[PDB]
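Asker: Next comes the structure file run_20.pdb, holding PDB, N, CA and C atoms.
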```pdb
ATOM      1  N   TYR O   1    -116.280 114.481 143.252
ATOM      2  CA  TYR O   1    -115.965 113.206 142.547
ATOM      3  C   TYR O   1    -114.415 113.100 142.432
ATOM      4  N   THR O   2    -113.886 111.880 142.162
ATOM      5  CA  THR O   2    -112.507 111.675 141.701
ATOM      6  C   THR O   2    -112.539 110.373 140.861
ATOM      7  N   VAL O   3    -112.048 110.499 139.617
ATOM      8  CA  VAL O   3    -111.729 109.321 138.746
ATOM      9  C   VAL O   3    -110.499 109.861 137.891
ATOM     10  N   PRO O   4    -109.161 109.497 138.026
ATOM     11  CA  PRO O   4    -108.050 110.043 137.181
ATOM     12  C   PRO O   4    -107.914 111.584 137.331
ATOM     13  N   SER O   5    -108.009 112.308 136.200
ATOM     14  CA  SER O   5    -108.197 113.788 136.197
ATOM     15  C   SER O   5    -109.679 114.132 135.824
ATOM     16  N   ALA O   6    -110.620 113.708 136.710
ATOM     17  CA  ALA O   6    -112.093 113.865 136.537
ATOM     18  C   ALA O   6    -112.746 113.921 137.938
ATOM     19  N   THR O   7    -112.819 115.166 138.463
ATOM     20  CA  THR O   7    -113.639 115.526 139.642
ATOM     21  C   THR O   7    -114.867 116.228 138.960
ATOM     22  N   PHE O   8    -116.006 115.520 138.859
ATOM     23  CA  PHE O   8    -117.183 115.882 138.029
ATOM     24  C   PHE O   8    -118.090 116.897 138.830
ATOM     25  N   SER O   9    -119.391 116.586 139.023
ATOM     26  CA  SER O   9    -120.329 117.285 139.920
ATOM     27  C   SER O   9    -120.570 116.230 141.000
ATOM     28  N   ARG O  10    -121.626 115.362 140.992
ATOM     29  CA  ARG O  10    -121.955 114.503 142.176
ATOM     30  C   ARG O  10    -122.432 113.064 141.808
ATOM     31  N   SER O  11    -123.619 112.905 141.176
ATOM     32  CA  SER O  11    -124.167 111.589 140.709
ATOM     33  C   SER O  11    -124.811 111.581 139.302
ATOM     34  N   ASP O  12    -125.384 112.708 138.816
ATOM     35  CA  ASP O  12    -125.834 112.874 137.404
ATOM     36  C   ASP O  12    -124.742 112.747 136.299
ATOM     37  N   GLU O  13    -123.512 113.240 136.533
ATOM     38  CA  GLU O  13    -122.447 113.393 135.502
ATOM     39  C   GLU O  13    -121.836 112.046 134.990
ATOM     40  N   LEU O  14    -121.247 111.157 135.844
ATOM     41  CA  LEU O  14    -120.715 109.817 135.417
ATOM     42  C   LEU O  14    -121.734 108.921 134.623
ATOM     43  N   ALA O  15    -123.004 108.873 135.076
ATOM     44  CA  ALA O  15    -124.137 108.274 134.331
ATOM     45  C   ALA O  15    -124.677 109.030 133.083
ATOM     46  N   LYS O  16    -124.604 110.385 133.021
ATOM     47  CA  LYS O  16    -124.868 111.199 131.793
ATOM     48  C   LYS O  16    -123.782 110.967 130.679
ATOM     49  N   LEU O  17    -122.472 111.151 130.993
ATOM     50  CA  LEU O  17    -121.334 110.964 130.071
ATOM     51  C   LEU O  17    -121.089 109.494 129.600
ATOM     52  N   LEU O  18    -121.124 108.447 130.472
ATOM     53  CA  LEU O  18    -121.010 107.018 130.038
ATOM     54  C   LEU O  18    -122.270 106.435 129.320
ATOM     55  N   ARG O  19    -123.509 106.901 129.622
ATOM     56  CA  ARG O  19    -124.736 106.601 128.804
ATOM     57  C   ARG O  19    -124.746 107.311 127.403
ATOM     58  N   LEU O  20    -124.265 108.580 127.264
ATOM     59  CA  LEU O  20    -124.028 109.245 125.944
ATOM     60  C   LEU O  20    -122.849 108.648 125.106
ATOM     61  N   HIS O  21    -121.628 108.557 125.690
ATOM     62  CA  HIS O  21    -120.367 108.246 124.977
ATOM     63  C   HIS O  21    -119.588 107.343 125.965
ATOM     64  N   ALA O  22    -119.522 106.035 125.641
ATOM     65  CA  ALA O  22    -118.866 105.006 126.495
ATOM     66  C   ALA O  22    -117.309 104.947 126.448
ATOM     67  N   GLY O  23    -116.671 105.028 125.257
ATOM     68  CA  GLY O  23    -115.203 104.980 125.124
ATOM     69  C   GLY O  23    -114.788 105.209 123.671
TER      70      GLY O  23
END
```
If you convert what's in this file into structure tokens, what do you get?

Answerer:
Amino acid sequence: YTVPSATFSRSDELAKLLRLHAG
């Protein structure tokens, strides 16, 4: 992954973290 300083795992992580805590 790449978003800013956020290379996560693959497809579970961006949808797990933004569905739990948006901003």

Asker: Please, which residues of chain O, numbered as in this document, come out helix (DSSP H, G or I) from DSSP, as a JSON list (two decimals) with N, CA and C atoms, keeping the file's coordinate frame?

Answerer:
```json
[["chain", "number", "residue", "atom", "x", "y", "z"],
["O", 12, "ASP", "N", -125.38, 112.71, 138.82],
["O", 12, "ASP", "CA", -125.83, 112.87, 137.40],
["O", 12, "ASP", "C", -124.74, 112.75, 136.30],
["O", 13, "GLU", "N", -123.51, 113.24, 136.53],
["O", 13, "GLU", "CA", -122.45, 113.39, 135.50],
["O", 13, "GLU", "C", -121.84, 112.05, 134.99],
["O", 14, "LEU", "N", -121.25, 111.16, 135.84],
["O", 14, "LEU", "CA", -120.72, 109.82, 135.42],
["O", 14, "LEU", "C", -121.73, 108.92, 134.62],
["O", 15, "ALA", "N", -123.00, 108.87, 135.08],
["O", 15, "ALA", "CA", -124.14, 108.27, 134.33],
["O", 15, "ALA", "C", -124.68, 109.03, 133.08],
["O", 16, "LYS", "N", -124.60, 110.38, 133.02],
["O", 16, "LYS", "CA", -124.87, 111.20, 131.79],
["O", 16, "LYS", "C", -123.78, 110.97, 130.68],
["O", 17, "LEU", "N", -122.47, 111.15, 130.99],
["O", 17, "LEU", "CA", -121.33, 110.96, 130.07],
["O", 17, "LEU", "C", -121.09, 109.49, 129.60],
["O", 18, "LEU", "N", -121.12, 108.45, 130.47],
["O", 18, "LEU", "CA", -121.01, 107.02, 130.04],
["O", 18, "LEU", "C", -122.27, 106.44, 129.32],
["O", 19, "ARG", "N", -123.51, 106.90, 129.62],
["O", 19, "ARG", "CA", -124.74, 106.60, 128.80],
["O", 19, "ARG", "C", -124.75, 107.31, 127.40],
["O", 20, "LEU", "N", -124.26, 108.58, 127.26],
["O", 20, "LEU", "CA", -124.03, 109.24, 125.94],
["O", 20, "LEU", "C", -122.85, 108.65, 125.11]]
```

Asker: Residues at most 9 Å from stretch 10-13 of chain O, counting only C-alpha atoms, excluding those fewer than 4 positions away in the same chain, as a VMD selection string?

Answerer: chain O and resid 1 17 to 18

Asker: Those residues you just picked out, can you put them in a file as a PDB file, in the frame of the given file with N, CA and C atoms?

Answerer:
```
ATOM      1  N   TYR O   1    -116.280 114.481 143.252  1.00  0.00           N
ATOM      2  CA  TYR O   1    -115.965 113.206 142.547  1.00  0.00           C
ATOM      3  C   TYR O   1    -114.415 113.100 142.432  1.00  0.00           C
ATOM      4  N   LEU O  17    -122.472 111.151 130.993  1.00  0.00           N
ATOM      5  CA  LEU O  17    -121.334 110.964 130.071  1.00  0.00           C
ATOM      6  C   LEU O  17    -121.089 109.494 129.600  1.00  0.00           C
ATOM      7  N   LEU O  18    -121.124 108.447 130.472  1.00  0.00           N
ATOM      8  CA  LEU O  18    -121.010 107.018 130.038  1.00  0.00           C
ATOM      9  C   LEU O  18    -122.270 106.435 129.320  1.00  0.00           C
TER      10      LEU O  18
END
```

Asker: One decimal, Å: what's the distance from atom C of residue O:4 over to atom C of residue O:19, could you say?

Answerer: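 Separation between atom C of residue O:4 and atom C of residue O:19: 20.0 Å.
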